[PDB]
């Protein structure tokens, strides 16, 4: 495809504001419709996942308008995504060759556990992603992902209006398909608000809970909660001075310690780019995805920046997520002038390994505009008690949230988004096909499983977070108990079978394994023991002994019961085939490599000879995956064959669950 500069030229020709050039790509047009089936408040990632999944699940059935108050896709924290998310992208027609032009490569999760009372000591837990011919995971800049999903939505009959705000004071939401009247303005100053008459409202306003907070107060869990503070840093090409052995920048890296943990995420940034130019670049990438352009013939990230007049750079997202029962010194003005800055630099110098690590990174000033060098957010975890009701439902963060750790936010949260997308078709049709009282009753009953799933979802994620946090207080519990159980219970068994039709059903069965019984039994023994040791104390060695032995005893039976064949010793660096810990083990599969030219991390596959980020040609041999233990040519061919394309929908197939096989 020859690249078009439609939006760049349209914007210049009419001197269009940012929201005006975006809204001009709507199928219905730049202005709001009088009527719609579904109005979605908020075009965060979940508002857009919802609209894309709803229209793709059953095309040309629902008219859907998304209202987003940001004039353009705004900054958001929450950048790490997982195989289920990529699979969802691939099911919606965008595979890794195209996604990697926009987003950073993620190849598994690695953890380093720092000893507090013995500064310099650490242990690790390392896993891998997948071969480039199986799948990828992504590190996404959220203004870019929201742009990609806006454009994809508009190309699929969904209207998306930026710079428009739902007025939750004058909006009327009523049940039984009688009719919502959603008030949409450009802000509180706006004299001329519009109304969209509609059947269903979707609250996707995130943590702001702008609608469902009117139906129930925010709910907090017992015990400590968490705070976060973070910033953006350079991404070094040469990672060899990082003080951890075998560190790799294309993992989501976790630096863990008694008070909490630090995320390290390498991802490219498009900040400084004009919005119209970005629309042309994204539109071109989708046209390339439509045409099936091979990766080696697709222009590199940097070439796209030159082609469309964009700004491109590599940055590292580094942040703290710590408990809110930590004791800070009263005076912290030696570490900065803002609180977020102060607590960040204070915590860095509390750990010699953190200070040594951070000394490889240079701080970026105001990457996302003024005032954005530092971020802080306090009291992270919460739950919405009421997530649906007559005329409305809520998705994503508006239902609840726990912690950045293991990225439940996007990757687990999309179970609600996609299930709600599927549920919306009968909800609207019920309203159009039955009188009001019966419609409201039938819809209420239809939504009981959605309400009940949501009600139980956040508490299970909360216990998962506390399980990991308490085990992060010891350098043996962290890797050998918490991480081991998360990956065993939460690895996505049978993901290669998921399609558009089964996706919501599969996703709600995942929950990162947090509902698995043996997982909760180990999680409860650990939490019950460790929560009785004050944070400023070291866990007694006998307590670690007892917990480690308990976990390994439950583990052996649950592992034996699982009927899913996995090369566990190839996927977890520190464990053998039966998930036994091996003290010195170091052998794992190798799926990635770092570009000698630009530093970007690449997936190994024979048909990707050039770097997708800068276009530099690597040597042919480098494209060879290393399987340890080895695979035959047939075993390798059989692997890649399973992951080529998703299966057609068979209404007689039993859905195979991601969680491990029950013992019974």
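Numbering follows the first chain given and starts at 1.
The stretch with the higher mean CA B factor, choosing between 415 to 423 and 186 to 194, is 186 to 194. The question of which stretch, 87 to 95 or 582 to 590, has the higher mean Cα B factor is settled in favour of 582 to 590. In the deposited coordinates, the residue among 227, 150, 333, 384 with the greatest CA B-factor is 333. As recorded in the entry, 638 carries the highest CA temperature factor of 45, 67, 51, 638. When the modelled residues of the chain are ordered by their C-alpha B factor, residue 139 lands in the lowest third.
Sort the modelled residues of the chain by CA B factor and residue 349 lands in the middle third.
Sorting the modelled residues of the chain by their CA temperature factor places residue 303 in the middle third. When the modelled residues of the chain are ordered by C-alpha B-factor, residue 600 sits in the middle third. In the PDB entry, a CA B factor belonging to the lowest third of its chain's modelled residues is recorded for residue 37.
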